[PDB]
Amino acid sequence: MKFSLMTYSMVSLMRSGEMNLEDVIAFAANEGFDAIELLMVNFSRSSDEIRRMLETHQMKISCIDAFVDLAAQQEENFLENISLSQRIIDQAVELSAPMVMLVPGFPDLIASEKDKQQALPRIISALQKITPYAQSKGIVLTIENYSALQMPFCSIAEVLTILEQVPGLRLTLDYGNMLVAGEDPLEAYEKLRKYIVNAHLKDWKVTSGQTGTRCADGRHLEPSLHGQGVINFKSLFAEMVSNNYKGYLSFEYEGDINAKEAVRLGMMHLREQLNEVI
């Protein structure tokens, strides 16, 4: 039951220039994380440089995350996105990360029911091409269940449909995203357990006005510090220990509290809950 810190959780401070990637790695080390989950949106940093930072701070990468448009209808773009996915797998090899997580589409690019219906077999086809490459390189490929419901990979049923058609594909369960999709997060873990090799932990609190995140049941949702919202982390941890889960628990925070403070506060809660289970 090791914890990893998503670099995406620190994106506010990376965007302001207050933290660079090495600062995020050093902060993860200082806060007792076993790994980082590295969001990769370009290859501008050399592998040598990242490896140096990891060695300096005695840190590992548990998983590399990327957004890739595997729903692309244009053949040349679709093919280049499969190629980009293979480049990401190569980066995992170079950086000793055991796993990749792809978000295989973009919500603004699905603008109708027909678009969603067409995106699904396209995404499946792409993953059927990418996963064998990942396997040949010794890398575990996952997708994440998402929060924008026009994407055909949010509900338990949607993610199961993909996983059952892509040999060897695994799942990063974003526990909080399941709430947005109208699912019970614990039931999602139970139904998808055999596929779950990685997990994202984030929390939500209910609001009165629009947020750009409304779950299927109508409740307005705002990112919450972990333990201050509605997600029951202890029940998940109890089931995971019961089932001898061996993956990482990745800290995700998408809110507006200072990112370092949010990590310190939320990890206090998550560690307390895990200790109650252990």
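When you see a residue number, it is the position in the sequence shown, counting from 1.
> Looking at the deposited entry, does 160-168 or 184-192 carry the larger mean Cα B-factor?
The stretch with the larger average C-alpha B-factor is 184-192.
> On mean Cα temperature factor in this entry, is 22-30 or 215-223 the higher one?
It is 215-223.
> So among 122, 200, 205, 116, who wins on Cα B-factor in the entry?
Going by the entry's C-alpha B-factors, 205 comes out highest.
> From the list 252, 239, 69, 65, select the residue with the highest C-alpha B factor recorded in the entry.
That would be 239.
> Ranking the modelled residues of this chain by C-alpha B-factor as given in the entry, is residue 12 in the lowest, middle or highest third?
It belongs to the middle third of the chain when residues are ordered by C-alpha B-factor.
> Ranked by Cα temperature factor within the chain, is residue 268 in the lowest third, the middle third or the highest third?
It falls in the top third of the chain.
> Among the modelled residues of its chain, does the C-alpha B-factor of residue 50 lie in the lowest, middle or highest third?
Middle third by C-alpha B-factor.
> According to the PDB entry, is the CA B factor of residue 94 in the bottom, middle or top third of its chain, that is, lowest, middle or highest?
Tercile = middle for this residue's CA B-factor.
> Against its chain's modelled residues, does residue 111's Cα B factor rank lowest, middle or highest third?
Within its chain, residue 111 is a middle-third residue by C-alpha B-factor, going by the deposited values.
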